[PDB]
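S.K.: I'd like to ask you about the structure that follows.
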Amino acid sequence: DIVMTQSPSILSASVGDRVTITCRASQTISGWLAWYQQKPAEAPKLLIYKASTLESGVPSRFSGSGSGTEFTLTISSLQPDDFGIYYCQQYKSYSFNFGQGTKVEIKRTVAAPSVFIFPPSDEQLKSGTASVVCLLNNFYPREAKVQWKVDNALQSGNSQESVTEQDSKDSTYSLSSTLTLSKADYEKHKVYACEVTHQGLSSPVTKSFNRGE
Amino acid sequence: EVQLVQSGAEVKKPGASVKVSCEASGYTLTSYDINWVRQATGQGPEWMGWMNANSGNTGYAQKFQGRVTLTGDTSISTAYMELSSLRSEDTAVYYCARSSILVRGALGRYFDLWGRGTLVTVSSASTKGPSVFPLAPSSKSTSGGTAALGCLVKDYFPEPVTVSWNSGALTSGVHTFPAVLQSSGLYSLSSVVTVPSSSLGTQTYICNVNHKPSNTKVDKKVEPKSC
Ligand SMILES: CC(=O)N[C@H]1[C@H](O[C@H](CO)[C@@H](O)[C@@H](O)COP(=O)(O)O)O[C@H](CO)[C@@H](O)[C@@H]1O
Ligand code: NA
Ligand code: NA
C-alpha cells in the first residue's frame with residue numbers, strides 16, 4: 001500500500017476565492033493520481049485523472065498539478081456547489097488508496113434563521129409520548145443557541161438537535177431541536193416555548209404555543 | 001443514461017454474510033471492470049477489489065483476504081459482492097464503481113461511474129420499523145408568507161430511512177435531517193419542507209417513508225394542525 005495524506009483536513013473559504021488542496025504520496029506514484037468531490041449522501045464523483053486531466057463535463061474552474069509524491073487540486077473561483085469533501089486516490093498499485101479527505105466549507109453573509117414550532121400530533125399522544133419540534137431554517141453561520149422553556153421553566157436533558165449539511169445553492173444550514181416528554185409529563189404543562197439566539201437576530205426569537213390551540 | 005443501480009440497505013448479525021448487487025444500465029457490463037469500494041462515515045473510501053465479468057478474473061485487496069467474493073450474472077447485467085464472517089467494524093456504505101479493462105500491466109484503476117451505495121449494518125440488536133407522525137402546519141409554523149410542515153420518523157433500527165415528498169415530485173425546500181441516536185438505542189429524524197402559506201388547502205403534501213431493513217413503506221398526508 002501507498003499512504004495518501006491530504007492537507008488541510010478542513011478549510012473555510014468564500015464564493016470567488018482561489019482554493020488549493022494538497023495530497024502527498026508515501027512513495028512515488030508518477031502521475032497516477034485521481035481527484036474526487038463527494039457531496040453529502042452521494043458517492044464520490046471524478047474530477048481529475050492522471051494528476052491533471054479534467055474528466056469530461058467537469059467545470060473548467062478545477063485543475064490539478066504535481067508528479068511523484070506531491071500533488072495539488074486548485075479551484076480557481078469557489079462556487080456554492082463546491083462544498084463537500086475532496087479525496088485524492090493513487091492508482092499506481094494496490095490497494096488503489098484514497099486520502100482521508102479535505103472538507104471544504106463555504107463562508108457567506110450572515111443569514112438569520114426563520115423559526116417554526118410543531119406541537120406533538122394527536123396520533124403520537126395516543127401512544128404515550130410527546131415530541132415537540134423546533135425548526136431553525138436557512139441560516140448562517142451554523143452556531144445557534146436553542147433553549148426550551150415549559151411554563152417558563154428552562155429545560156435540560158430532554159432534547160436533541162440535528163443540523164443539516166450546507167445547502168448546495170445558498171450555503172445555509174437548517175437545524176431541528178426536538179423536546180421529548182411522556183404524555184403524562186406533557187399534560188402537566190401549558191406553555192411550550194423554543195427560544196433561539198443567533199448572530200443574525202438583534203434579540204432572541206421565541207416561538208411558542210399553548211397545549212391545545 | 002449510464003447508471004449503476006445497487007440493492008437496498010441491509011442489516012446482518014455478526015458472523016453472517018451479505019451479498020450486494022450492482023446492475024449496469026446504459027452500457028455493457030463486460031466492456032469495463034467493476035470495482036467495490038466501502039466507506040464508513042468519518043473515514044476516507046477503501047477499495048476492496050475488482051472483477052472482469054467477461055473473463056471471470058478478480059483481484060482483491062489484502063485487507064479482505066478470504067472474506068470477499070465478487071461474482072457476476074452477465075445475462076441480467078449484474079455484479080455482486082459477498083462479504084462473509086461479518087464484524088461490527090464492517091458497518092459501512094458499500095459502493096460499486098466502473099473502471100477501464102486494463103491490459104497487463106497498464107495503469108488506470110480510477111472510477112468514472114458509481115452506484116449510490118448500500119449501507120450494510122452489522123448488529124445483534126433487533127430490527128425495528130419506524131412510526132411516522134405529521135409535523136402539521138399551524139399558526140405557529142409560519143414566517144411571513146412561508147409555512148413549514150413535515151414528518152417525524154421515530155424509533156427505528158438500524159439506519160437508514162429515506163424520505164421523499166409527493167413521490168419525488170416535491171424536492172425544493174425539503175430538509176431531511178441526519179438521524180439522531182436516542183437513549184433507547186433507536187434512531188429518529190424529521191423531514192421538513194417550506195411552502196407558500198397561500199398553498200395550504202389547495203396543495204397536497206404527502207411524505208413517503210421507507211425503512212428497507214423492516215420492509216416499512218409508509219405514506220403520511222400532512223394537513224393543517226387539529227385544534
Ligand atoms: C481479461 C482480464 O481478465 N483482464 C483483467 C486483467 O487481467 C490480467 C491477466 O489477464 C492481470 O493484470 C490480472 O490477472 C492481475 O491480477 P492481480 O491484480 O495481480 O490479482 O487485469 C486488469 C488489471 O490488472 C483488469 O483491468 C482486466 O479486466
Ligand atoms: Na489479492
Ligand atoms: Na493497475
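All residue names refer to the C-alpha cells as shown: chains lettered A, B, ... in order, residues numbered from 1 in each chain, ligands numbered from 1 in order.
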For a quick test of understanding: name the residues of chain A lying within 7 Å of chain B when counting only C-alpha atoms, and present them as a list in words.
M.R.: residues 34, 42, 43, 46, 91, 92, 94, 95, 96, 97, 98, 99, 100, 101, 114, 116, 117, 118, 121, 124, 162, 163, 164, 209, 212 and 213 of chain A
S.K.: Would you save the residues from that selection as a PDB file, in the first residue's frame, using C-alpha atoms?
M.R.:
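Resulting contents of selection_24.pdb:
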ATOM      1  CA  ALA A  34      -7.212  10.939  -9.419  1.00  0.00           C
ATOM      2  CA  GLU A  42     -23.633  10.755  -2.658  1.00  0.00           C
ATOM      3  CA  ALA A  43     -20.828   8.671  -3.955  1.00  0.00           C
ATOM      4  CA  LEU A  46     -14.462  12.030 -10.524  1.00  0.00           C
ATOM      5  CA  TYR A  91      -3.762   4.053  -8.886  1.00  0.00           C
ATOM      6  CA  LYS A  92      -0.064   3.139  -9.348  1.00  0.00           C
ATOM      7  CA  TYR A  94      -2.626  -1.911  -4.651  1.00  0.00           C
ATOM      8  CA  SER A  95      -4.703  -1.001  -2.669  1.00  0.00           C
ATOM      9  CA  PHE A  96      -5.597   1.972  -5.012  1.00  0.00           C
ATOM     10  CA  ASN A  97      -5.541   4.055  -1.769  1.00  0.00           C
ATOM     11  CA  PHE A  98      -7.539   7.203  -1.137  1.00  0.00           C
ATOM     12  CA  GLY A  99      -6.517  10.021   1.222  1.00  0.00           C
ATOM     13  CA  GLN A 100      -8.576  10.894   4.330  1.00  0.00           C
ATOM     14  CA  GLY A 101     -10.094  13.924   2.579  1.00  0.00           C
ATOM     15  CA  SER A 114     -36.755  31.591  10.346  1.00  0.00           C
ATOM     16  CA  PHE A 116     -41.161  27.286  13.359  1.00  0.00           C
ATOM     17  CA  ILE A 117     -42.657  25.173  16.119  1.00  0.00           C
ATOM     18  CA  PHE A 118     -44.721  21.996  15.953  1.00  0.00           C
ATOM     19  CA  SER A 121     -49.513  15.016  16.792  1.00  0.00           C
ATOM     20  CA  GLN A 124     -48.413  10.277  18.829  1.00  0.00           C
ATOM     21  CA  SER A 162     -29.644  17.761  14.337  1.00  0.00           C
ATOM     22  CA  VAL A 163     -28.097  20.117  11.766  1.00  0.00           C
ATOM     23  CA  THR A 164     -28.234  19.660   8.006  1.00  0.00           C
ATOM     24  CA  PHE A 209     -47.796  27.502  21.773  1.00  0.00           C
ATOM     25  CA  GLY A 212     -54.465  22.658  22.539  1.00  0.00           C
ATOM     26  CA  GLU A 213     -54.553  25.912  20.492  1.00  0.00           C
TER      27      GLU A 213
END
S.K.: Any residue with an atom at most 8 Å from ligand 1 counts, using only C-alpha atoms and all ligand atoms. Which are they? Put them as a tab-separated table (two decimals) with C-alpha atoms, in the first residue's frame.
M.R.:
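As written to disk, pocket_0.tsv reads:
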chain	number	residue	atom	x	y	z
A	94	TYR	CA	-2.63	-1.91	-4.65
B	32	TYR	CA	-15.38	-2.46	-18.23
B	33	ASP	CA	-14.03	-3.66	-14.89
B	50	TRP	CA	-12.18	-5.68	-8.93
B	51	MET	CA	-13.85	-8.14	-11.31
B	52	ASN	CA	-13.85	-8.60	-15.10
B	54	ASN	CA	-16.27	-11.27	-19.28
B	55	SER	CA	-13.25	-13.41	-18.20
B	56	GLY	CA	-14.21	-14.33	-14.59
B	57	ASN	CA	-10.93	-12.79	-13.37
B	58	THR	CA	-10.84	-10.99	-9.94
B	59	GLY	CA	-8.30	-9.18	-7.73
B	60	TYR	CA	-8.84	-8.41	-4.03
B	99	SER	CA	-13.06	1.44	-14.32
B	100	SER	CA	-11.44	0.51	-17.65
B	101	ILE	CA	-10.35	-3.04	-18.54
B	102	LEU	CA	-6.55	-2.76	-18.26
B	103	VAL	CA	-4.08	-4.78	-20.28
B	104	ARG	CA	-1.31	-6.42	-18.21
B	105	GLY	CA	0.28	-4.41	-16.64
B	106	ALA	CA	-1.03	-0.95	-17.69
B	107	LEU	CA	-2.45	1.60	-15.18
B	109	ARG	CA	-7.91	2.00	-11.90
S.K.: Write out as an mmCIF file with N, CA and C atoms, in the first residue's frame each polymer residue whose atoms come within 8 Å of residue B:81, counting only C-alpha atoms; drop sequence neighbours fewer than 4 positions from it.
M.R.:
data_model
loop_
_atom_site.group_PDB
_atom_site.id
_atom_site.type_symbol
_atom_site.label_atom_id
_atom_site.label_comp_id
_atom_site.auth_asym_id
_atom_site.auth_seq_id
_atom_site.Cartn_x
_atom_site.Cartn_y
_atom_site.Cartn_z
ATOM 1 N N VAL B 18 -23.206 -10.990 3.690
ATOM 2 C CA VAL B 18 -24.106 -10.087 2.966
ATOM 3 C C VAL B 18 -23.735 -10.163 1.491
ATOM 4 N N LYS B 19 -24.726 -10.056 0.612
ATOM 5 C CA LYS B 19 -24.476 -10.045 -0.812
ATOM 6 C C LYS B 19 -25.207 -8.851 -1.427
ATOM 7 N N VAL B 20 -24.446 -7.885 -1.935
ATOM 8 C CA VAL B 20 -24.950 -6.659 -2.539
ATOM 9 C C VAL B 20 -24.902 -6.813 -4.043
ATOM 10 N N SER B 21 -25.927 -6.286 -4.742
ATOM 11 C CA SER B 21 -25.940 -6.343 -6.196
ATOM 12 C C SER B 21 -25.752 -4.963 -6.782
ATOM 13 N N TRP B 36 -15.439 -2.626 -6.156
ATOM 14 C CA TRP B 36 -16.215 -2.418 -4.932
ATOM 15 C C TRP B 36 -15.367 -1.589 -3.989
ATOM 16 N N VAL B 68 -14.145 -11.762 1.025
ATOM 17 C CA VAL B 68 -14.935 -11.187 -0.059
ATOM 18 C C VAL B 68 -14.927 -12.077 -1.297
ATOM 19 N N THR B 69 -16.049 -12.092 -2.003
ATOM 20 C CA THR B 69 -16.178 -12.809 -3.266
ATOM 21 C C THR B 69 -16.942 -11.934 -4.229
ATOM 22 N N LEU B 70 -16.355 -11.673 -5.391
ATOM 23 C CA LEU B 70 -17.006 -10.894 -6.449
ATOM 24 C C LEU B 70 -17.478 -11.854 -7.533
ATOM 25 N N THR B 71 -18.762 -11.773 -7.897
ATOM 26 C CA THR B 71 -19.327 -12.660 -8.929
ATOM 27 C C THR B 71 -20.183 -11.827 -9.861
#
S.K.: From a DSSP pass on the backbone, collect the residues of stretch 8-38 of chain B flagged as strand (DSSP E or B) and hand them back as a tab-separated table (two decimals) with N, CA and C atoms, in the first residue's frame.
M.R.:
chain	number	residue	atom	x	y	z
B	10	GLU	N	-29.12	-3.19	4.20
B	10	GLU	CA	-29.32	-4.45	4.91
B	10	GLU	C	-28.74	-4.42	6.29
B	11	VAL	N	-29.27	-5.28	7.15
B	11	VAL	CA	-28.71	-5.45	8.48
B	11	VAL	C	-28.41	-6.94	8.65
B	12	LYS	N	-27.26	-7.25	9.22
B	12	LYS	CA	-26.84	-8.63	9.44
B	12	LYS	C	-26.26	-8.81	10.83
B	18	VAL	N	-23.21	-10.99	3.69
B	18	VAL	CA	-24.11	-10.09	2.97
B	18	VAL	C	-23.74	-10.16	1.49
B	19	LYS	N	-24.73	-10.06	0.61
B	19	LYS	CA	-24.48	-10.04	-0.81
B	19	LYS	C	-25.21	-8.85	-1.43
B	20	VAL	N	-24.45	-7.88	-1.93
B	20	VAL	CA	-24.95	-6.66	-2.54
B	20	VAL	C	-24.90	-6.81	-4.04
B	21	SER	N	-25.93	-6.29	-4.74
B	21	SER	CA	-25.94	-6.34	-6.20
B	21	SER	C	-25.75	-4.96	-6.78
B	22	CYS	N	-25.29	-4.92	-8.01
B	22	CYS	CA	-24.98	-3.72	-8.75
B	22	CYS	C	-25.35	-3.99	-10.21
B	23	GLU	N	-26.43	-3.36	-10.70
B	23	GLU	CA	-26.89	-3.53	-12.09
B	23	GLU	C	-26.40	-2.42	-12.97
B	24	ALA	N	-25.71	-2.79	-14.05
B	24	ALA	CA	-25.27	-1.81	-15.03
B	24	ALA	C	-26.43	-1.51	-15.99
B	25	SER	N	-26.67	-0.22	-16.27
B	25	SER	CA	-27.69	0.17	-17.24
B	25	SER	C	-27.12	1.25	-18.15
B	33	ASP	N	-14.20	-2.97	-16.16
B	33	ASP	CA	-14.03	-3.66	-14.89
B	33	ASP	C	-15.17	-3.13	-13.98
B	34	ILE	N	-15.51	-3.92	-12.97
B	34	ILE	CA	-16.41	-3.49	-11.89
B	34	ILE	C	-15.56	-3.54	-10.62
B	35	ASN	N	-15.70	-2.53	-9.75
B	35	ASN	CA	-14.92	-2.44	-8.51
B	35	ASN	C	-15.89	-2.25	-7.35
B	36	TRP	N	-15.44	-2.63	-6.16
B	36	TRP	CA	-16.22	-2.42	-4.93
B	36	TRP	C	-15.37	-1.59	-3.99
B	37	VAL	N	-15.97	-0.54	-3.41
B	37	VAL	CA	-15.25	0.42	-2.56
B	37	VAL	C	-16.14	0.67	-1.36
B	38	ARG	N	-15.62	0.56	-0.12
B	38	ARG	CA	-16.50	0.87	1.01
B	38	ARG	C	-16.09	2.16	1.75
S.K.: So how many Å separate atom CA of residue A:129 and atom CA of residue B:215, to one decimal?
M.R.: 24.5 Å
S.K.: When you look at residue A:37 with a cut-off of 9 Å (counting only C-alpha atoms), what residues show up, excluding the ones that are within fewer than 2 positions of it in the same chain? I need them as a ChimeraX atom specification.
M.R.: /A:35,39,43-47,82-87
S.K.: Could you take the residues named above and write them with N, CA and C atoms, as an mmCIF file, in the first residue's frame?
M.R.:
data_model
loop_
_atom_site.group_PDB
_atom_site.id
_atom_site.type_symbol
_atom_site.label_atom_id
_atom_site.label_comp_id
_atom_site.auth_asym_id
_atom_site.auth_seq_id
_atom_site.Cartn_x
_atom_site.Cartn_y
_atom_site.Cartn_z
ATOM 1 N N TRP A 35 -8.616 12.763 -8.553
ATOM 2 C CA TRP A 35 -9.248 13.596 -7.533
ATOM 3 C C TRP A 35 -10.769 13.402 -7.667
ATOM 4 N N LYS A 39 -20.195 14.962 -2.385
ATOM 5 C CA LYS A 39 -21.267 15.783 -1.827
ATOM 6 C C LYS A 39 -22.057 14.892 -0.860
ATOM 7 N N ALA A 43 -22.097 9.325 -3.779
ATOM 8 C CA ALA A 43 -20.828 8.671 -3.955
ATOM 9 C C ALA A 43 -19.833 9.777 -4.364
ATOM 10 N N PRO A 44 -18.520 9.523 -4.208
ATOM 11 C CA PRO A 44 -17.534 10.451 -4.758
ATOM 12 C C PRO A 44 -17.711 10.533 -6.263
ATOM 13 N N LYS A 45 -17.429 11.699 -6.831
ATOM 14 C CA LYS A 45 -17.547 11.912 -8.273
ATOM 15 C C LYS A 45 -16.191 12.371 -8.821
ATOM 16 N N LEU A 46 -15.755 11.762 -9.917
ATOM 17 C CA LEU A 46 -14.462 12.030 -10.524
ATOM 18 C C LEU A 46 -14.330 13.449 -11.092
ATOM 19 N N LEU A 47 -13.207 14.118 -10.788
ATOM 20 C CA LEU A 47 -12.934 15.468 -11.299
ATOM 21 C C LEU A 47 -11.769 15.410 -12.263
ATOM 22 N N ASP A 82 -19.440 23.696 -4.731
ATOM 23 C CA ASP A 82 -18.119 23.099 -4.482
ATOM 24 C C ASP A 82 -17.943 22.646 -3.047
ATOM 25 N N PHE A 83 -18.966 22.834 -2.196
ATOM 26 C CA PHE A 83 -18.804 22.354 -0.822
ATOM 27 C C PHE A 83 -18.815 20.815 -0.840
ATOM 28 N N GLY A 84 -18.179 20.239 0.153
ATOM 29 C CA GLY A 84 -18.080 18.788 0.203
ATOM 30 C C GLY A 84 -16.758 18.311 0.724
ATOM 31 N N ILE A 85 -16.435 17.066 0.409
ATOM 32 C CA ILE A 85 -15.146 16.503 0.810
ATOM 33 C C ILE A 85 -14.416 16.133 -0.475
ATOM 34 N N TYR A 86 -13.141 16.511 -0.573
ATOM 35 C CA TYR A 86 -12.332 16.187 -1.756
ATOM 36 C C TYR A 86 -11.336 15.117 -1.395
ATOM 37 N N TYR A 87 -11.237 14.075 -2.233
ATOM 38 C CA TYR A 87 -10.315 12.966 -1.971
ATOM 39 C C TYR A 87 -9.352 12.828 -3.100
#
S.K.: List as a VMD selection string the protein and nucleic acid residues near residue A:161, meaning an atom at most 9 Å away when only C-alpha atoms are counted, but skip any in the same chain fewer than 2 places from it.
M.R.: (chain A and resid 146 159 163 175 to 178) or (chain B and resid 180)
S.K.: Go ahead and save the picked residues with N, CA, C and O atoms, as a JSON list (two decimals), in the first residue's frame.
M.R.:
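Written output follows (again.json):
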[["chain", "number", "residue", "atom", "x", "y", "z"],
["A", 146, "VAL", "N", -30.33, 27.15, 21.10],
["A", 146, "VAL", "CA", -31.76, 26.87, 21.24],
["A", 146, "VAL", "C", -32.01, 26.51, 22.69],
["A", 146, "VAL", "O", -31.31, 25.66, 23.24],
["A", 159, "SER", "N", -33.86, 17.07, 25.28],
["A", 159, "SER", "CA", -33.93, 17.46, 23.85],
["A", 159, "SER", "C", -32.70, 17.00, 23.07],
["A", 159, "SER", "O", -31.63, 16.76, 23.64],
["A", 163, "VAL", "N", -28.33, 19.04, 12.74],
["A", 163, "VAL", "CA", -28.10, 20.12, 11.77],
["A", 163, "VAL", "C", -27.90, 19.53, 10.37],
["A", 163, "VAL", "O", -27.29, 18.48, 10.23],
["A", 175, "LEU", "N", -31.66, 23.49, 11.20],
["A", 175, "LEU", "CA", -31.45, 22.74, 12.44],
["A", 175, "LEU", "C", -32.78, 22.40, 13.05],
["A", 175, "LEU", "O", -33.71, 23.23, 13.00],
["A", 176, "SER", "N", -32.89, 21.20, 13.64],
["A", 176, "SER", "CA", -34.10, 20.81, 14.35],
["A", 176, "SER", "C", -33.72, 20.57, 15.81],
["A", 176, "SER", "O", -32.65, 20.04, 16.08],
["A", 177, "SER", "N", -34.58, 20.98, 16.73],
["A", 177, "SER", "CA", -34.40, 20.67, 18.15],
["A", 177, "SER", "C", -35.68, 20.00, 18.57],
["A", 177, "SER", "O", -36.78, 20.53, 18.31],
["A", 178, "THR", "N", -35.56, 18.77, 19.09],
["A", 178, "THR", "CA", -36.76, 18.02, 19.45],
["A", 178, "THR", "C", -36.79, 17.79, 20.93],
["A", 178, "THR", "O", -35.88, 17.18, 21.45],
["B", 180, "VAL", "N", -30.71, 11.18, 14.60],
["B", 180, "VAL", "CA", -30.08, 11.24, 15.92],
["B", 180, "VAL", "C", -30.22, 9.85, 16.53],
["B", 180, "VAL", "O", -31.18, 9.11, 16.23]]
S.K.: Write out as a CSV table (one decimal) with N, CA, C and O atoms, in the first residue's frame each polymer residue whose atoms come within 10 Å of residue A:143, counting only C-alpha atoms; drop sequence neighbours fewer than 2 positions from it.
M.R.:
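What follows is the written file selection20.csv:
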chain,number,residue,atom,x,y,z
A,139,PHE,N,-30.1,29.4,7.8
A,139,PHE,CA,-29.4,30.4,8.5
A,139,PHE,C,-27.9,30.2,8.3
A,139,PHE,O,-27.4,29.2,7.8
A,140,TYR,N,-27.1,31.2,8.6
A,140,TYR,CA,-25.7,31.2,8.5
A,140,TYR,C,-25.1,32.3,9.5
A,140,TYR,O,-25.7,33.4,9.5
A,141,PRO,N,-24.1,32.0,10.3
A,141,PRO,CA,-23.3,30.7,10.4
A,141,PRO,C,-24.0,29.6,11.1
A,141,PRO,O,-25.1,29.9,11.7
A,145,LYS,N,-28.0,29.0,19.4
A,145,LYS,CA,-28.4,28.5,20.7
A,145,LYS,C,-29.9,28.4,20.7
A,145,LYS,O,-30.6,29.3,20.5
A,173,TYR,N,-27.6,26.5,6.6
A,173,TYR,CA,-27.9,25.3,7.3
A,173,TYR,C,-29.3,25.4,7.8
A,173,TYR,O,-29.8,26.5,7.9
A,197,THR,N,-31.3,32.0,19.8
A,197,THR,CA,-30.3,33.1,19.8
A,197,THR,C,-29.3,32.8,18.6
A,197,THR,O,-28.8,31.7,18.4
A,198,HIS,N,-29.1,33.8,17.8
A,198,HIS,CA,-28.2,33.7,16.6
A,198,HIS,C,-27.7,35.0,16.3
A,198,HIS,O,-28.3,36.0,16.5
A,199,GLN,N,-26.5,35.1,15.7
A,199,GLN,CA,-25.8,36.3,15.3
A,199,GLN,C,-26.7,37.2,14.4
A,199,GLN,O,-26.6,38.4,14.5
S.K.: Between B:66, B:213, B:15, B:130, which one has atoms that come closest to ligand 2, using only C-alpha atoms and all ligand atoms?
M.R.: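 Among B:66, B:213, B:15, B:130, it is B:66 that comes nearest to ligand 2.
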S.K.: Identify, on the basis of only C-alpha atoms, every residue whose closest approach to stretch 17-33 of chain A does not exceed 7 Å; exclude the query and any residue fewer than 2 positions from it along the same chain; express the result as a ChimeraX atom specification.
M.R.: /A:2-8,13-15,35,49-51,67-78,88-92
S.K.: Go through A:210, A:102, A:127, A:93 one by one, measure the shortest atom-to-atom distance of each to ligand 2 using only C-alpha atoms and all ligand atoms, and give the residue with the smallest value.
M.R.: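 The closest residue to ligand 2 is A:93.
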S.K.: So what do you get for atom CA of residue B:83 versus atom CA of residue B:9, distance-wise?
M.R.: 14.1 Å
